[PDB]
$ cat run.pdb   # PDB, C-alpha atoms
MODEL        1
ATOM      1  CA  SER A   1     -32.972   1.957 -38.805
ATOM      2  CA  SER A   2     -32.238   1.780 -42.558
ATOM      3  CA  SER A   3     -34.770  -0.468 -44.343
ATOM      4  CA  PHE A   4     -37.862   1.810 -44.083
ATOM      5  CA  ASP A   5     -40.851   1.518 -41.710
ATOM      6  CA  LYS A   6     -43.665   1.260 -44.330
ATOM      7  CA  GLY A   7     -42.533  -1.445 -46.798
ATOM      8  CA  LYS A   8     -43.837  -1.198 -50.393
ATOM      9  CA  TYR A   9     -46.690   1.160 -49.375
ATOM     10  CA  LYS A  10     -46.289   3.872 -52.098
ATOM     11  CA  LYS A  11     -48.596   6.229 -50.098
ATOM     12  CA  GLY A  12     -51.535   3.797 -50.662
ATOM     13  CA  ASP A  13     -51.683   4.274 -54.474
ATOM     14  CA  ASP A  14     -50.455   0.846 -55.679
ATOM     15  CA  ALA A  15     -51.375   1.198 -59.384
ATOM     16  CA  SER A  16     -49.623  -2.010 -60.513
ATOM     17  CA  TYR A  17     -51.346  -2.772 -63.867
ATOM     18  CA  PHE A  18     -54.903  -3.569 -65.168
ATOM     19  CA  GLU A  19     -56.098  -0.792 -67.566
ATOM     20  CA  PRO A  20     -55.083   2.919 -67.634
ATOM     21  CA  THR A  21     -55.754   3.748 -63.944
ATOM     22  CA  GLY A  22     -53.764   6.855 -62.891
ATOM     23  CA  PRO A  23     -50.132   8.126 -62.921
ATOM     24  CA  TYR A  24     -47.460   8.146 -60.181
ATOM     25  CA  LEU A  25     -43.822   9.125 -59.464
ATOM     26  CA  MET A  26     -42.214   6.517 -57.166
ATOM     27  CA  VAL A  27     -39.025   7.784 -55.447
ATOM     28  CA  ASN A  28     -36.803   5.175 -53.678
ATOM     29  CA  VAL A  29     -33.557   3.147 -54.206
ATOM     30  CA  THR A  30     -32.482  -0.445 -54.881
ATOM     31  CA  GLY A  31     -30.317  -0.225 -51.746
ATOM     32  CA  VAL A  32     -27.778  -3.085 -51.975
ATOM     33  CA  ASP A  33     -24.515  -3.955 -50.187
ATOM     34  CA  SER A  34     -22.441  -3.475 -53.384
ATOM     35  CA  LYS A  35     -23.137  -6.430 -55.726
ATOM     36  CA  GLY A  36     -26.882  -7.111 -55.348
ATOM     37  CA  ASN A  37     -27.665  -8.328 -51.789
ATOM     38  CA  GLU A  38     -30.666  -6.053 -51.207
ATOM     39  CA  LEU A  39     -30.530  -4.433 -47.751
ATOM     40  CA  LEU A  40     -33.806  -2.550 -48.433
ATOM     41  CA  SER A  41     -36.550  -2.835 -51.080
ATOM     42  CA  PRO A  42     -37.892   0.295 -52.898
ATOM     43  CA  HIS A  43     -41.532   1.391 -53.504
ATOM     44  CA  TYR A  44     -42.362   2.826 -50.021
ATOM     45  CA  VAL A  45     -42.297   6.590 -50.866
ATOM     46  CA  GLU A  46     -44.358   7.855 -53.841
ATOM     47  CA  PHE A  47     -45.584  11.323 -54.927
ATOM     48  CA  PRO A  48     -48.313  12.162 -57.511
ATOM     49  CA  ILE A  49     -46.660  13.380 -60.738
ATOM     50  CA  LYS A  50     -46.156  17.136 -61.285
ATOM     51  CA  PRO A  51     -43.850  17.756 -64.310
ATOM     52  CA  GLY A  52     -41.414  20.669 -63.874
ATOM     53  CA  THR A  53     -38.436  19.230 -61.933
ATOM     54  CA  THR A  54     -35.150  18.894 -63.865
ATOM     55  CA  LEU A  55     -35.055  15.117 -64.603
ATOM     56  CA  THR A  56     -31.237  14.837 -64.570
ATOM     57  CA  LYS A  57     -28.400  13.219 -62.546
ATOM     58  CA  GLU A  58     -28.062  16.288 -60.268
ATOM     59  CA  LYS A  59     -31.737  15.989 -59.110
ATOM     60  CA  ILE A  60     -31.756  12.151 -59.100
ATOM     61  CA  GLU A  61     -28.697  11.769 -56.802
ATOM     62  CA  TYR A  62     -29.959  13.686 -53.740
ATOM     63  CA  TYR A  63     -33.674  13.353 -54.664
ATOM     64  CA  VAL A  64     -33.902   9.614 -53.839
ATOM     65  CA  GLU A  65     -31.543  10.225 -50.875
ATOM     66  CA  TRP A  66     -34.055  12.682 -49.329
ATOM     67  CA  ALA A  67     -36.958  10.232 -49.912
ATOM     68  CA  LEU A  68     -35.377   7.310 -47.993
ATOM     69  CA  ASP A  69     -34.061   9.750 -45.332
ATOM     70  CA  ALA A  70     -37.689  10.930 -44.861
ATOM     71  CA  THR A  71     -38.425   7.387 -43.545
ATOM     72  CA  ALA A  72     -35.227   6.184 -41.762
ATOM     73  CA  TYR A  73     -32.093   8.445 -41.584
ATOM     74  CA  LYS A  74     -30.497   6.621 -38.612
ATOM     75  CA  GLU A  75     -27.973   4.132 -40.086
ATOM     76  CA  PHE A  76     -27.313   5.539 -43.582
ATOM     77  CA  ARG A  77     -24.137   7.192 -44.956
ATOM     78  CA  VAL A  78     -23.423   5.730 -48.468
ATOM     79  CA  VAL A  79     -20.053   4.326 -49.615
ATOM     80  CA  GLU A  80     -20.740   5.344 -53.241
ATOM     81  CA  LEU A  81     -23.677   6.060 -55.593
ATOM     82  CA  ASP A  82     -23.667   4.770 -59.188
ATOM     83  CA  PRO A  83     -23.347   7.390 -61.993
ATOM     84  CA  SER A  84     -25.619   5.322 -64.298
ATOM     85  CA  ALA A  85     -28.865   5.976 -62.388
ATOM     86  CA  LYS A  86     -32.089   4.890 -64.136
ATOM     87  CA  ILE A  87     -35.817   5.644 -64.455
ATOM     88  CA  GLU A  88     -38.119   2.718 -65.344
ATOM     89  CA  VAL A  89     -41.229   4.591 -66.550
ATOM     90  CA  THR A  90     -43.930   1.943 -67.181
ATOM     91  CA  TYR A  91     -47.029   3.069 -69.118
ATOM     92  CA  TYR A  92     -50.059   0.749 -68.801
ATOM     93  CA  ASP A  93     -52.379   1.783 -71.681
ATOM     94  CA  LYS A  94     -54.133  -1.535 -72.506
ATOM     95  CA  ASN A  95     -55.674   0.046 -75.643
ATOM     96  CA  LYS A  96     -52.801   1.120 -77.953
ATOM     97  CA  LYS A  97     -49.350   1.723 -76.413
ATOM     98  CA  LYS A  98     -49.374  -0.932 -73.625
ATOM     99  CA  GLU A  99     -46.975  -1.964 -70.822
ATOM    100  CA  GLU A 100     -43.412  -0.957 -71.798
ATOM    101  CA  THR A 101     -40.826  -0.608 -68.999
ATOM    102  CA  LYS A 102     -38.657   2.081 -70.640
ATOM    103  CA  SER A 103     -35.487   1.773 -68.517
ATOM    104  CA  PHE A 104     -33.696   4.907 -69.784
ATOM    105  CA  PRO A 105     -30.500   5.820 -67.825
ATOM    106  CA  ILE A 106     -29.618   9.493 -67.024
ATOM    107  CA  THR A 107     -27.608  12.548 -68.194
ATOM    108  CA  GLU A 108     -25.894  15.311 -66.174
ATOM    109  CA  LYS A 109     -27.877  18.309 -67.530
ATOM    110  CA  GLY A 110     -30.374  16.699 -69.939
ATOM    111  CA  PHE A 111     -34.033  17.689 -69.652
ATOM    112  CA  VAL A 112     -37.176  18.441 -67.589
ATOM    113  CA  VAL A 113     -39.882  15.741 -67.100
ATOM    114  CA  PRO A 114     -41.515  15.519 -70.585
ATOM    115  CA  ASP A 115     -45.254  15.348 -71.364
ATOM    116  CA  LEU A 116     -47.033  11.959 -71.543
ATOM    117  CA  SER A 117     -47.111  11.801 -75.390
ATOM    118  CA  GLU A 118     -50.794  11.205 -76.343
ATOM    119  CA  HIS A 119     -51.676   7.475 -76.162
ATOM    120  CA  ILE A 120     -51.232   7.074 -72.364
ATOM    121  CA  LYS A 121     -52.955   8.189 -69.124
ATOM    122  CA  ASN A 122     -50.751   6.523 -66.466
ATOM    123  CA  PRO A 123     -46.920   6.667 -66.788
ATOM    124  CA  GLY A 124     -45.286   4.963 -63.772
ATOM    125  CA  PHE A 125     -42.042   6.971 -63.398
ATOM    126  CA  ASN A 126     -39.911   4.717 -61.161
ATOM    127  CA  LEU A 127     -37.123   6.979 -59.836
ATOM    128  CA  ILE A 128     -35.041   4.004 -58.590
ATOM    129  CA  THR A 129     -31.219   4.155 -58.339
ATOM    130  CA  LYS A 130     -28.876   1.273 -57.429
ATOM    131  CA  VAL A 131     -26.473   2.485 -54.687
ATOM    132  CA  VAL A 132     -23.675   1.105 -52.457
ATOM    133  CA  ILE A 133     -24.989   1.816 -48.921
ATOM    134  CA  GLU A 134     -22.853   2.294 -45.791
ATOM    135  CA  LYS A 135     -25.057   1.331 -42.809
ATOM    136  CA  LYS A 136     -23.615   3.359 -39.895
TER     137      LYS A 136
ENDMDL
END
$ encode --input "run.pdb" --output "structure tokens"
Amino acid sequence: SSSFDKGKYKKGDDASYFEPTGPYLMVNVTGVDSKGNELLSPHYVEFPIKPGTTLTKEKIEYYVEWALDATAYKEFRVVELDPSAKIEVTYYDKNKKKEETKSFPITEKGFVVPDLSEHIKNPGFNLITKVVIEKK
């Protein structure tokens, strides 16, 4: 209908925390009414990371839209999408760097997905955008 048909599945690979396990790239939305009354929870679609895609507003806007549409796409139209989209990459190296939810926003024509520094195995790139959904 609108709010998925998997529900926080992330393909099976639920690498929450506990040591450097393995990376992921989790593509959904914080789909709210307008303010923050969550119609649908994210974390149902997830792809294994392959750096190359242009990590910018252009390919964040429609990218998350295609992910949720590849689950529902029945009652979904969108009033508006927020320009200040965000990526909450969380890197769980319990050795040196440690859990840091780096909630960087976005730029129009910034940059491609960068390399994972040195002191980390498992970045948790959370491609999650707050949007104002129209449920048709």
$ resolve_selection --input "run.pdb" --expression "the PyMOL selection byres ((chain A and resi 89) around 10)" --output "PyMOL selection string"
chain A and resi 24-26+86-88+90-92+99-104+122-127
$ atom_distance --input "run.pdb" --atom1 "CA of residue 128 (chain A)" --atom2 "CA of residue 31 (chain A)"
9.3 Å
$ resolve_selection --input "run.pdb" --expression "the PyMOL selection byres ((chain A and resi 73) around 12)" --output "PyMOL selection string"
chain A and resi 1-5+65-72+74-78+134-136
$ atom_distance --input "run.pdb" --atom1 "CA of residue 21 (chain A)" --atom2 "CA of residue 40 (chain A)"
27.6 Å
$ resolve_selection --input "run.pdb" --expression "the PyMOL selection byres ((chain A and resi 116-118) around 10)" --output "MDAnalysis selection string"
chainID A and resid 23 51 91 97 113:115 119:123
$ closest_residue --input "run.pdb" --among "A:30, A:107, A:130, A:48" --to "residue 15 (chain A)" --atoms "all atoms listed in the file"
A:48
$ atom_distance --input "run.pdb" --atom1 "CA of residue 29 (chain A)" --atom2 "CA of residue 52 (chain A)"
21.5 Å
$ axis_aligned_box --input "run.pdb" --around "region 55-67 of chain A" --padding-each-side "4 Å" --output "lines of an AutoDock Vina configuration file"
center_x = -32.5
center_y = 13.0
center_z = -57.0
size_x = 16.9
size_y = 14.7
size_z = 23.3
$ decode --input "run.pdb" --residues "region 81-122 of chain A" --atoms "N, CA and C atoms" --output "PDB file, in the first residue's frame"
ATOM      1  N   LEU A  81       9.593  17.016  -1.128  1.00  0.00           N
ATOM      2  CA  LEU A  81      10.776  16.391  -0.552  1.00  0.00           C
ATOM      3  C   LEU A  81      11.719  17.486  -0.056  1.00  0.00           C
ATOM      4  N   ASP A  82      12.352  17.256   1.100  1.00  0.00           N
ATOM      5  CA  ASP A  82      13.165  18.263   1.767  1.00  0.00           C
ATOM      6  C   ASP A  82      14.513  18.396   1.050  1.00  0.00           C
ATOM      7  N   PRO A  83      15.010  19.628   0.841  1.00  0.00           N
ATOM      8  CA  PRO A  83      16.269  19.879   0.157  1.00  0.00           C
ATOM      9  C   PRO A  83      17.462  19.428   1.003  1.00  0.00           C
ATOM     10  N   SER A  84      17.349  19.553   2.334  1.00  0.00           N
ATOM     11  CA  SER A  84      18.371  19.156   3.288  1.00  0.00           C
ATOM     12  C   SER A  84      18.234  17.666   3.613  1.00  0.00           C
ATOM     13  N   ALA A  85      18.469  16.811   2.609  1.00  0.00           N
ATOM     14  CA  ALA A  85      18.578  15.371   2.794  1.00  0.00           C
ATOM     15  C   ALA A  85      19.878  15.052   3.531  1.00  0.00           C
ATOM     16  N   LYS A  86      19.944  13.875   4.166  1.00  0.00           N
ATOM     17  CA  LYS A  86      21.045  13.514   5.051  1.00  0.00           C
ATOM     18  C   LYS A  86      21.435  12.043   4.919  1.00  0.00           C
ATOM     19  N   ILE A  87      22.696  11.762   5.264  1.00  0.00           N
ATOM     20  CA  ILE A  87      23.298  10.442   5.270  1.00  0.00           C
ATOM     21  C   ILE A  87      23.971  10.259   6.629  1.00  0.00           C
ATOM     22  N   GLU A  88      23.501   9.271   7.399  1.00  0.00           N
ATOM     23  CA  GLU A  88      23.952   9.002   8.756  1.00  0.00           C
ATOM     24  C   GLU A  88      24.880   7.787   8.757  1.00  0.00           C
ATOM     25  N   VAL A  89      26.063   7.935   8.144  1.00  0.00           N
ATOM     26  CA  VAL A  89      27.060   6.876   8.084  1.00  0.00           C
ATOM     27  C   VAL A  89      27.620   6.607   9.484  1.00  0.00           C
ATOM     28  N   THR A  90      27.435   5.371   9.972  1.00  0.00           N
ATOM     29  CA  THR A  90      27.796   4.953  11.320  1.00  0.00           C
ATOM     30  C   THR A  90      28.822   3.824  11.227  1.00  0.00           C
ATOM     31  N   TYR A  91      30.027   4.069  11.753  1.00  0.00           N
ATOM     32  CA  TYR A  91      31.202   3.231  11.565  1.00  0.00           C
ATOM     33  C   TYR A  91      31.613   2.600  12.898  1.00  0.00           C
ATOM     34  N   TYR A  92      31.433   1.275  13.012  1.00  0.00           N
ATOM     35  CA  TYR A  92      31.452   0.533  14.271  1.00  0.00           C
ATOM     36  C   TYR A  92      32.779  -0.203  14.494  1.00  0.00           C
ATOM     37  N   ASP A  93      33.901   0.526  14.485  1.00  0.00           N
ATOM     38  CA  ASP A  93      35.221  -0.037  14.727  1.00  0.00           C
ATOM     39  C   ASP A  93      35.545   0.052  16.220  1.00  0.00           C
ATOM     40  N   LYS A  94      35.141  -0.960  17.003  1.00  0.00           N
ATOM     41  CA  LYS A  94      35.424  -1.025  18.436  1.00  0.00           C
ATOM     42  C   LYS A  94      36.873  -1.459  18.675  1.00  0.00           C
ATOM     43  N   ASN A  95      37.812  -0.599  18.259  1.00  0.00           N
ATOM     44  CA  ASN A  95      39.251  -0.811  18.297  1.00  0.00           C
ATOM     45  C   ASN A  95      39.950   0.548  18.400  1.00  0.00           C
ATOM     46  N   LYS A  96      39.560   1.498  17.537  1.00  0.00           N
ATOM     47  CA  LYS A  96      40.197   2.801  17.402  1.00  0.00           C
ATOM     48  C   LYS A  96      39.148   3.895  17.191  1.00  0.00           C
ATOM     49  N   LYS A  97      38.441   3.864  16.052  1.00  0.00           N
ATOM     50  CA  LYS A  97      37.608   4.974  15.607  1.00  0.00           C
ATOM     51  C   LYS A  97      36.271   5.006  16.353  1.00  0.00           C
ATOM     52  N   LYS A  98      35.565   3.867  16.386  1.00  0.00           N
ATOM     53  CA  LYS A  98      34.369   3.623  17.189  1.00  0.00           C
ATOM     54  C   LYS A  98      33.119   4.302  16.623  1.00  0.00           C
ATOM     55  N   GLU A  99      31.958   3.894  17.158  1.00  0.00           N
ATOM     56  CA  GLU A  99      30.625   4.300  16.738  1.00  0.00           C
ATOM     57  C   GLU A  99      30.479   5.821  16.750  1.00  0.00           C
ATOM     58  N   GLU A 100      30.344   6.406  15.554  1.00  0.00           N
ATOM     59  CA  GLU A 100      30.159   7.832  15.335  1.00  0.00           C
ATOM     60  C   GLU A 100      29.159   8.000  14.193  1.00  0.00           C
ATOM     61  N   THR A 101      27.918   8.374  14.532  1.00  0.00           N
ATOM     62  CA  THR A 101      26.859   8.629  13.569  1.00  0.00           C
ATOM     63  C   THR A 101      27.090  10.004  12.941  1.00  0.00           C
ATOM     64  N   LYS A 102      27.868  10.032  11.850  1.00  0.00           N
ATOM     65  CA  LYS A 102      28.207  11.244  11.125  1.00  0.00           C
ATOM     66  C   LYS A 102      27.034  11.607  10.216  1.00  0.00           C
ATOM     67  N   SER A 103      26.167  12.502  10.705  1.00  0.00           N
ATOM     68  CA  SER A 103      24.931  12.908  10.050  1.00  0.00           C
ATOM     69  C   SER A 103      25.174  14.115   9.144  1.00  0.00           C
ATOM     70  N   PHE A 104      26.040  13.950   8.134  1.00  0.00           N
ATOM     71  CA  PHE A 104      26.322  14.995   7.160  1.00  0.00           C
ATOM     72  C   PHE A 104      25.107  15.182   6.242  1.00  0.00           C
ATOM     73  N   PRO A 105      24.813  16.417   5.794  1.00  0.00           N
ATOM     74  CA  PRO A 105      23.632  16.725   5.003  1.00  0.00           C
ATOM     75  C   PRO A 105      23.862  16.307   3.540  1.00  0.00           C
ATOM     76  N   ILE A 106      23.823  17.247   2.585  1.00  0.00           N
ATOM     77  CA  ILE A 106      23.984  16.963   1.165  1.00  0.00           C
ATOM     78  C   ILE A 106      24.311  18.251   0.402  1.00  0.00           C
ATOM     79  N   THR A 107      24.899  18.104  -0.793  1.00  0.00           N
ATOM     80  CA  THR A 107      25.167  19.191  -1.729  1.00  0.00           C
ATOM     81  C   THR A 107      24.740  18.769  -3.139  1.00  0.00           C
ATOM     82  N   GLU A 108      24.444  19.759  -3.992  1.00  0.00           N
ATOM     83  CA  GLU A 108      23.814  19.556  -5.291  1.00  0.00           C
ATOM     84  C   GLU A 108      24.695  18.752  -6.248  1.00  0.00           C
ATOM     85  N   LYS A 109      25.972  19.136  -6.377  1.00  0.00           N
ATOM     86  CA  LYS A 109      26.955  18.441  -7.202  1.00  0.00           C
ATOM     87  C   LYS A 109      28.286  18.386  -6.447  1.00  0.00           C
ATOM     88  N   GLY A 110      28.277  17.704  -5.296  1.00  0.00           N
ATOM     89  CA  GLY A 110      29.420  17.563  -4.412  1.00  0.00           C
ATOM     90  C   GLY A 110      30.435  16.539  -4.917  1.00  0.00           C
ATOM     91  N   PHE A 111      30.199  15.253  -4.616  1.00  0.00           N
ATOM     92  CA  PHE A 111      31.245  14.235  -4.617  1.00  0.00           C
ATOM     93  C   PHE A 111      30.682  12.819  -4.776  1.00  0.00           C
ATOM     94  N   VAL A 112      31.551  11.898  -5.215  1.00  0.00           N
ATOM     95  CA  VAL A 112      31.317  10.458  -5.272  1.00  0.00           C
ATOM     96  C   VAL A 112      31.598   9.849  -3.895  1.00  0.00           C
ATOM     97  N   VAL A 113      30.961   8.707  -3.587  1.00  0.00           N
ATOM     98  CA  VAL A 113      31.136   7.964  -2.339  1.00  0.00           C
ATOM     99  C   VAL A 113      32.634   7.779  -2.055  1.00  0.00           C
ATOM    100  N   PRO A 114      33.174   8.366  -0.974  1.00  0.00           N
ATOM    101  CA  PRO A 114      34.598   8.332  -0.683  1.00  0.00           C
ATOM    102  C   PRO A 114      34.998   6.982  -0.086  1.00  0.00           C
ATOM    103  N   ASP A 115      36.309   6.714  -0.061  1.00  0.00           N
ATOM    104  CA  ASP A 115      36.873   5.512   0.538  1.00  0.00           C
ATOM    105  C   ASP A 115      36.712   5.548   2.059  1.00  0.00           C
ATOM    106  N   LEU A 116      36.765   4.366   2.686  1.00  0.00           N
ATOM    107  CA  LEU A 116      36.540   4.178   4.114  1.00  0.00           C
ATOM    108  C   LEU A 116      37.798   4.433   4.955  1.00  0.00           C
ATOM    109  N   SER A 117      38.475   5.566   4.710  1.00  0.00           N
ATOM    110  CA  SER A 117      39.603   6.066   5.485  1.00  0.00           C
ATOM    111  C   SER A 117      40.717   5.020   5.635  1.00  0.00           C
ATOM    112  N   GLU A 118      40.774   4.336   6.787  1.00  0.00           N
ATOM    113  CA  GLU A 118      41.830   3.396   7.140  1.00  0.00           C
ATOM    114  C   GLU A 118      41.378   2.550   8.333  1.00  0.00           C
ATOM    115  N   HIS A 119      40.965   3.230   9.410  1.00  0.00           N
ATOM    116  CA  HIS A 119      40.667   2.662  10.722  1.00  0.00           C
ATOM    117  C   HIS A 119      39.196   2.245  10.855  1.00  0.00           C
ATOM    118  N   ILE A 120      38.649   1.580   9.828  1.00  0.00           N
ATOM    119  CA  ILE A 120      37.262   1.131   9.803  1.00  0.00           C
ATOM    120  C   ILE A 120      37.063   0.086   8.701  1.00  0.00           C
ATOM    121  N   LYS A 121      36.295  -0.963   9.027  1.00  0.00           N
ATOM    122  CA  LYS A 121      35.877  -2.031   8.132  1.00  0.00           C
ATOM    123  C   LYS A 121      34.448  -1.788   7.638  1.00  0.00           C
ATOM    124  N   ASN A 122      33.545  -1.390   8.552  1.00  0.00           N
ATOM    125  CA  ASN A 122      32.098  -1.429   8.355  1.00  0.00           C
ATOM    126  C   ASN A 122      31.376  -0.079   8.526  1.00  0.00           C
TER     127      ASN A 122
END
